[PDB]
Structure formats: structure tokens, C-alpha cells
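Colleague: Data: entry_33.pdb, PDB, N, CA and C atoms.
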```pdb
ATOM      1  N   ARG A   4     -22.215 -50.640  50.412  1.00  0.00           N
ATOM      2  CA  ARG A   4     -21.880 -50.794  51.852  1.00  0.00           C
ATOM      3  C   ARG A   4     -20.531 -51.482  52.034  1.00  0.00           C
ATOM      4  N   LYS A   5     -20.267 -52.484  51.201  1.00  0.00           N
ATOM      5  CA  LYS A   5     -19.013 -53.224  51.268  1.00  0.00           C
ATOM      6  C   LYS A   5     -17.853 -52.374  50.758  1.00  0.00           C
ATOM      7  N   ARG A   6     -16.698 -52.510  51.398  1.00  0.00           N
ATOM      8  CA  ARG A   6     -15.515 -51.752  51.005  1.00  0.00           C
ATOM      9  C   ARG A   6     -14.241 -52.543  51.275  1.00  0.00           C
ATOM     10  N   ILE A   7     -13.360 -52.593  50.281  1.00  0.00           N
ATOM     11  CA  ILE A   7     -12.100 -53.314  50.412  1.00  0.00           C
ATOM     12  C   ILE A   7     -10.959 -52.548  49.749  1.00  0.00           C
ATOM     13  N   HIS A   8     -10.038 -52.046  50.565  1.00  0.00           N
ATOM     14  CA  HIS A   8      -8.893 -51.295  50.059  1.00  0.00           C
ATOM     15  C   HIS A   8      -7.667 -51.531  50.934  1.00  0.00           C
ATOM     16  N   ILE A   9      -6.566 -51.935  50.308  1.00  0.00           N
ATOM     17  CA  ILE A   9      -5.329 -52.197  51.033  1.00  0.00           C
ATOM     18  C   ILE A   9      -4.159 -51.433  50.422  1.00  0.00           C
ATOM     19  N   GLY A  10      -3.605 -50.501  51.190  1.00  0.00           N
ATOM     20  CA  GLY A  10      -2.484 -49.713  50.715  1.00  0.00           C
ATOM     21  C   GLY A  10      -1.284 -49.805  51.640  1.00  0.00           C
ATOM     22  N   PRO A  11      -0.491 -48.727  51.759  1.00  0.00           N
ATOM     23  CA  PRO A  11       0.685 -48.712  52.628  1.00  0.00           C
ATOM     24  C   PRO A  11       0.300 -48.618  54.098  1.00  0.00           C
ATOM     25  N   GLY A  12      -0.357 -49.660  54.595  1.00  0.00           N
ATOM     26  CA  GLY A  12      -0.791 -49.675  55.976  1.00  0.00           C
ATOM     27  C   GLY A  12      -2.186 -49.103  56.137  1.00  0.00           C
ATOM     28  N   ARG A  13      -2.947 -49.100  55.044  1.00  0.00           N
ATOM     29  CA  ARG A  13      -4.309 -48.574  55.055  1.00  0.00           C
ATOM     30  C   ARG A  13      -5.320 -49.693  54.823  1.00  0.00           C
ATOM     31  N   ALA A  14      -5.686 -50.388  55.894  1.00  0.00           N
ATOM     32  CA  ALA A  14      -6.647 -51.481  55.802  1.00  0.00           C
ATOM     33  C   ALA A  14      -8.073 -50.952  55.692  1.00  0.00           C
ATOM     34  N   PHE A  15      -8.813 -51.464  54.713  1.00  0.00           N
ATOM     35  CA  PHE A  15     -10.193 -51.045  54.499  1.00  0.00           C
ATOM     36  C   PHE A  15     -11.060 -52.227  54.079  1.00  0.00           C
ATOM     37  N   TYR A  16     -10.777 -53.391  54.654  1.00  0.00           N
ATOM     38  CA  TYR A  16     -11.528 -54.602  54.341  1.00  0.00           C
ATOM     39  C   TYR A  16     -12.725 -54.753  55.275  1.00  0.00           C
ATOM     40  N   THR A  17     -13.926 -54.651  54.715  1.00  0.00           N
ATOM     41  CA  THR A  17     -15.147 -54.772  55.502  1.00  0.00           C
ATOM     42  C   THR A  17     -16.267 -55.407  54.682  1.00  0.00           C
ATOM     43  N   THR A  18     -16.582 -56.660  54.995  1.00  0.00           N
ATOM     44  CA  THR A  18     -17.634 -57.385  54.293  1.00  0.00           C
ATOM     45  C   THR A  18     -18.866 -57.548  55.179  1.00  0.00           C
ATOM     46  N   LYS A  19     -18.730 -58.351  56.229  1.00  0.00           N
ATOM     47  CA  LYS A  19     -19.832 -58.592  57.155  1.00  0.00           C
ATOM     48  C   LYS A  19     -21.041 -59.171  56.428  1.00  0.00           C
TER      49      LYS A  19
END
```
Re-express the file's structure as C-alpha cells.

Modeller:
Amino acid sequence: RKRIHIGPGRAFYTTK
């Protein structure tokens, strides 16, 4: 369920 990815303006940080 958790997802964390940071690229060239591609935020994908989700913990909750």
C-alpha cells in the first residue's frame, strides 16, 4: 500500500 518515489517533478510519497 505504501509508495515512495521522487523523480523529475514526480512526487509519489504516501505513507499514512

Colleague: Provide an axis-aligned box for all listed atoms of region 7-18 of chain A, padding each side by 5 Å; report its centre and its edge lengths in Å to one decimal, as AutoDock Vina command-line options.

Modeller:
```
--center_x -9.1 --center_y -53.1 --center_z 52.9 --size_x 29.6 --size_y 19.0 --size_z 16.4
```

Colleague: For the file shown, report as a VMD selection string the outcome of the PyMOL selection byres (((chain A and resi 19 and name CA) around 10) and name CA) at residue level.

Modeller: chain A and resid 4 to 5 16 to 18

Colleague: Using N, CA and C atoms, can you write the selected residues to a file as a PDB file, keeping the file's coordinate frame?

Modeller:
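Ended up saving to again28.pdb:
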```pdb
ATOM      1  N   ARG A   4     -22.215 -50.640  50.412  1.00  0.00           N
ATOM      2  CA  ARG A   4     -21.880 -50.794  51.852  1.00  0.00           C
ATOM      3  C   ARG A   4     -20.531 -51.482  52.034  1.00  0.00           C
ATOM      4  N   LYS A   5     -20.267 -52.484  51.201  1.00  0.00           N
ATOM      5  CA  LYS A   5     -19.013 -53.224  51.268  1.00  0.00           C
ATOM      6  C   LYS A   5     -17.853 -52.374  50.758  1.00  0.00           C
ATOM      7  N   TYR A  16     -10.777 -53.391  54.654  1.00  0.00           N
ATOM      8  CA  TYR A  16     -11.528 -54.602  54.341  1.00  0.00           C
ATOM      9  C   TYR A  16     -12.725 -54.753  55.275  1.00  0.00           C
ATOM     10  N   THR A  17     -13.926 -54.651  54.715  1.00  0.00           N
ATOM     11  CA  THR A  17     -15.147 -54.772  55.502  1.00  0.00           C
ATOM     12  C   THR A  17     -16.267 -55.407  54.682  1.00  0.00           C
ATOM     13  N   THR A  18     -16.582 -56.660  54.995  1.00  0.00           N
ATOM     14  CA  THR A  18     -17.634 -57.385  54.293  1.00  0.00           C
ATOM     15  C   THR A  18     -18.866 -57.548  55.179  1.00  0.00           C
TER      16      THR A  18
END
```

Colleague: When DSSP is applied to the backbone of this structure, which of chain A are assigned strand (DSSP E or B)? Write them out as a PyMOL selection string.

Modeller: chain A and resi 6+9+14+17
